[PDB]
Number of protein chains: 2
Amino acid sequence: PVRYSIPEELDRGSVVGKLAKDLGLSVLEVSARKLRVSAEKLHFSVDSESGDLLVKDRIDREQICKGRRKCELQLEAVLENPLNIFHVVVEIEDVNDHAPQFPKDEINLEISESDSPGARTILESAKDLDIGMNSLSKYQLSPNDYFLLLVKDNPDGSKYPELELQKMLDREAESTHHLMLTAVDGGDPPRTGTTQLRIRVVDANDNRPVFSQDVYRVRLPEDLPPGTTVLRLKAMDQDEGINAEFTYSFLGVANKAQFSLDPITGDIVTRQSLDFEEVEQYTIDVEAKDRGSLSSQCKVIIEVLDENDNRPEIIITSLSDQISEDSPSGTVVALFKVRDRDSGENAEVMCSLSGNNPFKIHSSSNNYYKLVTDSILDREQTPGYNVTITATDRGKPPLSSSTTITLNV
Amino acid sequence: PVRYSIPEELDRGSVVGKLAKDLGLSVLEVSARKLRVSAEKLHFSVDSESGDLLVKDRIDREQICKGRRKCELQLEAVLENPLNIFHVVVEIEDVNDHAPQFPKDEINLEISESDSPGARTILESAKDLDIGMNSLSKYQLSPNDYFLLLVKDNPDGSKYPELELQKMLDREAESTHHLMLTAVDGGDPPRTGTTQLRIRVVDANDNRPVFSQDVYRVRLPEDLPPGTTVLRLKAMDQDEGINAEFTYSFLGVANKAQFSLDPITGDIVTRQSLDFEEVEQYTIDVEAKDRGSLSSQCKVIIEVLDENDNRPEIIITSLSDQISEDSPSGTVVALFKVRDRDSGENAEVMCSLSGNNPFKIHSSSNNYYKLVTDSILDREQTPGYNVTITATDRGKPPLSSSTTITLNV
Ligand SMILES: *[C@@H]1O[C@H](CO)[C@@H](O)[C@H](O)[C@H]1NC(C)=O
Ligand SMILES: *[C@H]1O[C@H](CO)[C@@H](O)[C@H](O)[C@@H]1O
Ligand SMILES: *[C@H]1O[C@H](CO)[C@@H](O)[C@H](O)[C@@H]1O
Ligand SMILES: *[C@H]1O[C@H](CO)[C@@H](O)[C@H](O)[C@@H]1O
Ligand SMILES: *[C@H]1O[C@H](CO)[C@@H](O)[C@H](O)[C@@H]1O
Ligand SMILES: *[C@H]1O[C@H](CO)[C@@H](O)[C@H](O)[C@@H]1O
Ligand SMILES: *[C@H]1O[C@H](CO)[C@@H](O)[C@H](O)[C@@H]1O
Ligand SMILES: *[C@H]1O[C@H](CO)[C@@H](O)[C@H](O)[C@@H]1O
Ligand SMILES: [Ca+2]
Ligand SMILES: [Ca+2]
Ligand SMILES: [Ca+2]
Ligand SMILES: [Ca+2]
Ligand SMILES: [Ca+2]
Ligand SMILES: [Ca+2]
Ligand SMILES: [Ca+2]
Ligand SMILES: [Ca+2]
Ligand SMILES: [Ca+2]
Ligand SMILES: [Ca+2]
Ligand SMILES: [Ca+2]
Ligand SMILES: [Ca+2]
Ligand SMILES: [Ca+2]
Ligand SMILES: [Ca+2]
Ligand SMILES: [Ca+2]
Ligand SMILES: [Ca+2]
Ligand SMILES: [Ca+2]
Ligand SMILES: [Ca+2]
């Protein structure tokens, strides 16, 4: 079988080979014996003047050999009187007329933010119908910090790219990445096909809901009626959607007796009345946690302001029913103490007597006062005496309590 | 004012201090002068024999002083004939009888696996009713690789512990962590209160569903009836529950026209019949993605096996209807070739004549046959001839086509 090697995509009329000269026939025999050439799906023309094989149709190697590495066509030469048949093998060389191209212009991707480094994603394969060196050679990707491109060859023999993640993604810093991907063949000069991949990072629950303040400080008067909304907590979750829906809760145990907390709204209200004498300061550990159990905690301290709601109490320690009227000057008559549960200015007290009696007030020790008689009296002058002592605290509103004592001579 | 310092929680009858020895009163004067002691709602007893100050009630510093940093009680001593009043101050020393303790014995915690390192979680504060050095001193945590303990102070002055995570958690490696937290006061000897921290690691979607094989390869004959389950993909997600429910989908484009994939069962089935002459091999990129966007991809490769389903067709290239009666032996009369779309042994063919005709077969090359006449015949014997050529295929089951041609002399 005579063999003729020609490249594909040759213009009509180009010469394949001297078929008549190779067969040993002359122009006279080519004209006399009807010379025809027959292929499977191709047609060739032979002119009577030259007697050589000329191309009659456009030959696309990728159409006929369709990925066969070595390409050949089986032609037949028919002659008449006497009719005879001959076989010609024509090897078709590939030309780099087809550039690599992607199935889609843009590739849209979704990569989870929680994707571990080193993870790989398979990308769309670039197709190059050419074979051999003119086929697809390598892939290259635009430079970036996150993705490094790998070229793997699938079982058929083609080349497909996959992405190896170098660093963990973070949509809270960069939501999406737009990259340019190129595929180059091994030609001279080589050809490039480009697709622009648009990667979208979906939210991953990797950010905890953080409060606006690490510590919240409020001040309240103890006369605050229960049910009042004392505070509204502010917190934000840098994530998105499910990963950003959080609730507030009382981390402290048994401390919900004095305060109530709406978990969704994050506001703290008073369950019951506050008493400065009972609890002066509150410390509440409040937590914010999303549906993914990511939580951050902060402390809310509450300062209760003292109000003058407790009247001062007089407690007579001891008293002498019978005393002498002609007793010496400054004679002690009764011993009593003044106690007030309040604190600060609400605890300071001032007490006074009537003044008509000869008795006078004196200060001996803290929270204790002695009632004495500065001037002696006659039993005939005044046998019995009633005295009303008033103890008033000056913090607003000032409050006073009185105690009436009877002394006999 | 005489001052006597005694620790709290001393048994009744214990001596506070020799008040008479400091005052210099005599035993006879102790009996004569009624010596009385009066405190704020507290009672102390003095026996006439010794003449010293003895306790009559139990003294609990935390109950009466309720957290005062320095606590003292003001008692009063009364004598008769001559009646006198004196002031005595009793400083109550604190005793380390209350150990620090947490509000709850066990603390149950939920920490997301995706919690970043260095994150801190505030824990419940330990309360110590003692005041001063005997109060709470420091916190310490059981040793482990994951959590490091920090001691921080809230505005009131108390001490609360918070946990700083040293290394990333992993529920797929360790589901839960059980730790012991202790709070120690500054006493001699010091006392410890313990709370049991039970940390449970909540699942985070940090594992992508991985296939049982990176590439799946199956081989199929083209006569495979559609609807046949060609493959069943196997993949697992190491996460838990929602984060582990994934589906399979055809990531490859336009290749779903010939194949269908049940996502729940993970089944790959054939939509339509396969043809070896059309497509020899299929390559489909299939993806598996959970309820998040964590996805893994794998390649499925299908090799189509050629079956003898196309019968060979005989095509007569050329023929001379009229031939000379005096034609010699071996005179060529017809040219024909056999075409079979199949490949391999399914493409090899064998042709035969009727046998009634005198003609014989010759081969010009493979799949091309020349019909000649081996023995000369007389025109008067047989003018015309019908000959039916049979072409049989060698692939099992063999397929044959016949073609009848007529020759006239
Ligand atoms: C054989 O050829 C003759 C004419 O030469 C024709 O009449 C006859 O029908 C043919 N045989 C068959 C089976 O048709
Ligand atoms: C794509 O890139 C290649 C080099 O890799 C060029 O040769 C080609 O022309 C196209 O610009
Ligand atoms: C692919 O496409 C890019 C533009 O998107 C070109 O710059 C490149 O040379 C190749 O043709
Ligand atoms: C503040 O918010 C509470 C609900 O948390 C209300 O009950 C209150 O009346 C105020 O609006
Ligand atoms: C708890 O631990 C402390 C030391 O950390 C001891 O001093 C205490 O008595 C208790 O055992
Ligand atoms: C609390 O309890 C633990 C045992 O559960 C002790 O080891 C610790 O010293 C503290 O007394
Ligand atoms: C394989 O599995 C598929 C599941 O749809 C079936 O339809 C088929 O018949 C074979 O059992
Ligand atoms: C050729 O042979 C096949 C059997 O292989 C027949 O079915 C056909 O009719 C022809 O005779
Ligand atoms: Ca071409
Ligand atoms: Ca080409
Ligand atoms: Ca090319
Ligand atoms: Ca993030
Ligand atoms: Ca996020
Ligand atoms: Ca979150
Ligand atoms: Ca009050
Ligand atoms: Ca008050
Ligand atoms: Ca008051
Ligand atoms: Ca005690
Ligand atoms: Ca104590
Ligand atoms: Ca203690
Ligand atoms: Ca994990
Ligand atoms: Ca996990
Ligand atoms: Ca998962
Ligand atoms: Ca077929
Ligand atoms: Ca066949
Ligand atoms: Ca076939």
# chains A, B, ... in the order shown; residues from 1 in each chain; ligands from 1

$ interface_residues --of "chain A" --to "chain B" --cutoff "7 Å" --atoms "only C-alpha atoms" --output "list in words"
residues 85, 110, 111, 112, 114, 115, 121, 122, 202, 206, 252, 253, 292, 293, 294, 296 and 297 of chain A

$ write_last_selection --atoms "C-alpha atoms" --output "JSON list (two decimals), in the first residue's frame"
[["chain", "number", "residue", "atom", "x", "y", "z"],
["A", 85, "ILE", "CA", -8.51, -1.96, -7.40],
["A", 110, "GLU", "CA", -19.44, 27.81, 46.26],
["A", 111, "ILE", "CA", -16.71, 26.89, 48.75],
["A", 112, "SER", "CA", -17.56, 26.65, 52.43],
["A", 114, "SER", "CA", -15.04, 25.99, 56.96],
["A", 115, "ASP", "CA", -13.12, 24.21, 54.18],
["A", 121, "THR", "CA", -12.06, 21.25, 44.09],
["A", 122, "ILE", "CA", -12.40, 19.76, 40.61],
["A", 202, "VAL", "CA", -20.72, 30.60, 52.11],
["A", 206, "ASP", "CA", -16.66, 30.61, 63.07],
["A", 252, "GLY", "CA", -25.46, 32.64, 86.83],
["A", 253, "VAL", "CA", -27.45, 30.00, 88.72],
["A", 292, "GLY", "CA", -24.13, 26.75, 66.71],
["A", 293, "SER", "CA", -23.35, 27.07, 70.46],
["A", 294, "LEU", "CA", -20.70, 29.76, 69.89],
["A", 296, "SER", "CA", -19.42, 35.01, 74.55],
["A", 297, "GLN", "CA", -20.06, 36.21, 78.10]]

$ residues_around --residues "residue 192 in chain A" --least-positions-apart "5" --cutoff "12 Å" --atoms "only C-alpha atoms" --output "PDB file with C-alpha atoms, in the first residue's frame"
ATOM      1  CA  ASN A  96      -2.876  23.519  15.709  1.00  0.00           C
ATOM      2  CA  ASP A  97      -5.994  25.240  14.372  1.00  0.00           C
ATOM      3  CA  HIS A  98      -8.201  24.532  17.421  1.00  0.00           C
ATOM      4  CA  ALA A  99      -7.496  26.509  20.570  1.00  0.00           C
ATOM      5  CA  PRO A 100      -8.492  25.206  24.015  1.00  0.00           C
ATOM      6  CA  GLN A 101     -11.919  26.375  25.130  1.00  0.00           C
ATOM      7  CA  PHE A 102     -14.070  25.922  28.211  1.00  0.00           C
ATOM      8  CA  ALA A 126     -10.871  22.568  28.930  1.00  0.00           C
ATOM      9  CA  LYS A 127     -11.305  20.778  25.612  1.00  0.00           C
ATOM     10  CA  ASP A 128      -8.738  20.839  22.800  1.00  0.00           C
ATOM     11  CA  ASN A 134      -1.036  20.532  19.603  1.00  0.00           C
ATOM     12  CA  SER A 135      -3.393  19.176  22.277  1.00  0.00           C
ATOM     13  CA  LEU A 136      -3.876  20.789  25.679  1.00  0.00           C
ATOM     14  CA  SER A 137      -0.580  21.177  27.546  1.00  0.00           C
ATOM     15  CA  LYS A 138      -1.024  22.899  30.914  1.00  0.00           C
ATOM     16  CA  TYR A 139      -3.323  25.008  33.078  1.00  0.00           C
ATOM     17  CA  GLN A 140      -2.298  28.185  34.869  1.00  0.00           C
ATOM     18  CA  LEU A 181      -8.051  30.581  34.667  1.00  0.00           C
ATOM     19  CA  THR A 182      -6.121  29.838  31.470  1.00  0.00           C
ATOM     20  CA  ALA A 183      -5.452  26.663  29.481  1.00  0.00           C
ATOM     21  CA  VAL A 184      -2.492  26.541  27.092  1.00  0.00           C
ATOM     22  CA  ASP A 185      -1.674  23.946  24.442  1.00  0.00           C
ATOM     23  CA  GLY A 186       1.753  22.755  23.349  1.00  0.00           C
ATOM     24  CA  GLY A 187       2.041  24.503  19.995  1.00  0.00           C
TER      25      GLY A 187
END

$ select_by_dssp --residues "range 15-259 of chain A" --states "strand (DSSP E)" --output "MDAnalysis selection string"
chainID A and resid 15:17 36:38 44:46 53:55 72:79 84:93 106:112 120:122 136:141 147:152 160:165 176:185 192:202 210:211 215:221 229:232 235:236 246:250 259

$ residues_around --residues "range 265-279 of chain A" --least-positions-apart "5" --cutoff "12 Å" --atoms "only C-alpha atoms" --output "PyMOL selection string"
(chain A and resi 211+216+218-236+245-250+255-260+284-289+300-310+340-344+346-347) or (chain B and resi 66-67)

$ calpha_fit_rmsd --fixed "chain B" --moving "chain A"
1.6 Å

$ select_by_dssp --residues "range 79-319 of chain B" --states "helix (DSSP H, G or I)" --output "ChimeraX atom specification"
/B:132-134,241-244,255-257

$ write_last_selection --atoms "C-alpha atoms" --output "short mmCIF file (atom, residue, chain, number, x, y, z; two decimals), in the first residue's frame"
data_model
loop_
_atom_site.label_atom_id
_atom_site.label_comp_id
_atom_site.auth_asym_id
_atom_site.auth_seq_id
_atom_site.Cartn_x
_atom_site.Cartn_y
_atom_site.Cartn_z
CA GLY B 132 -10.34 39.20 104.87
CA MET B 133 -7.51 36.79 104.17
CA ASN B 134 -9.90 33.95 105.08
CA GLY B 241 -26.62 14.80 62.19
CA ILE B 242 -27.57 17.81 60.09
CA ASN B 243 -23.91 18.57 59.33
CA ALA B 244 -23.59 15.02 57.92
CA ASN B 255 -23.75 14.59 30.72
CA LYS B 256 -27.03 14.13 32.63
CA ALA B 257 -28.83 13.56 29.31
#

$ atom_distance --atom1 "CA of residue 148 in chain B" --atom2 "CA of residue 164 in chain B"
5.2 Å

$ atom_distance --atom1 "atom 6 (C, counted along the ligand's line) of ligand 8" --atom2 "CA of residue 314 in chain B"
14.8 Å

$ residues_around --residues "residue 54 in chain B" --least-positions-apart "2" --cutoff "7 Å" --atoms "only C-alpha atoms" --output "list in words"
residues 13, 14, 15, 16, 44, 45, 46, 52 and 56 of chain B

$ write_last_selection --atoms "N, CA, C and O atoms" --output "CSV table (one decimal), in the first residue's frame"
chain,number,residue,atom,x,y,z
B,13,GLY,N,-19.8,30.1,127.9
B,13,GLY,CA,-19.0,30.0,129.1
B,13,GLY,C,-17.5,30.4,128.9
B,13,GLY,O,-16.8,30.5,129.9
B,14,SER,N,-17.1,30.6,127.7
B,14,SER,CA,-15.7,31.0,127.4
B,14,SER,C,-15.5,32.4,127.9
B,14,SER,O,-16.5,33.2,128.0
B,15,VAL,N,-14.3,32.8,128.2
B,15,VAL,CA,-14.0,34.1,128.8
B,15,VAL,C,-13.6,35.0,127.7
B,15,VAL,O,-12.8,34.8,126.8
B,16,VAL,N,-14.3,36.2,127.7
B,16,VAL,CA,-14.0,37.3,126.8
B,16,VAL,C,-12.8,38.0,127.3
B,16,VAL,O,-11.8,38.2,126.6
B,44,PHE,N,-24.6,38.5,127.0
B,44,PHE,CA,-23.4,37.9,127.6
B,44,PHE,C,-23.7,37.7,129.1
B,44,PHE,O,-24.5,38.5,129.7
B,45,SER,N,-23.1,36.7,129.7
B,45,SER,CA,-23.4,36.4,131.1
B,45,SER,C,-22.1,36.5,131.9
B,45,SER,O,-21.0,36.2,131.5
B,46,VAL,N,-22.3,37.1,133.1
B,46,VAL,CA,-21.2,37.3,134.0
B,46,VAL,C,-21.5,36.6,135.3
B,46,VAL,O,-22.6,36.9,135.9
B,52,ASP,N,-15.8,37.8,135.7
B,52,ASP,CA,-15.2,38.0,134.4
B,52,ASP,C,-16.3,38.0,133.3
B,52,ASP,O,-17.4,37.5,133.6
B,56,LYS,N,-22.9,34.3,126.7
B,56,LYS,CA,-24.1,33.6,126.9
B,56,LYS,C,-24.8,33.1,125.7
B,56,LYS,O,-25.7,32.3,125.8

$ residues_around --residues "residue 348 in chain B" --least-positions-apart "4" --cutoff "8 Å" --atoms "only C-alpha atoms" --output "short mmCIF file (atom, residue, chain, number, x, y, z; two decimals) with N, CA and C atoms, in the first residue's frame"
data_model
loop_
_atom_site.label_atom_id
_atom_site.label_comp_id
_atom_site.auth_asym_id
_atom_site.auth_seq_id
_atom_site.Cartn_x
_atom_site.Cartn_y
_atom_site.Cartn_z
N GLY B 344 -12.99 -4.54 16.06
CA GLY B 344 -12.38 -5.74 16.61
C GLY B 344 -12.82 -6.98 15.86
N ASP B 393 -20.54 -12.07 9.68
CA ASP B 393 -19.72 -11.44 10.70
C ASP B 393 -19.22 -12.46 11.71
N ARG B 394 -17.97 -12.30 12.14
CA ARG B 394 -17.33 -13.30 12.98
C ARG B 394 -17.62 -13.11 14.46
N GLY B 395 -18.10 -11.94 14.87
CA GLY B 395 -18.47 -11.75 16.26
C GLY B 395 -19.77 -12.47 16.59
#
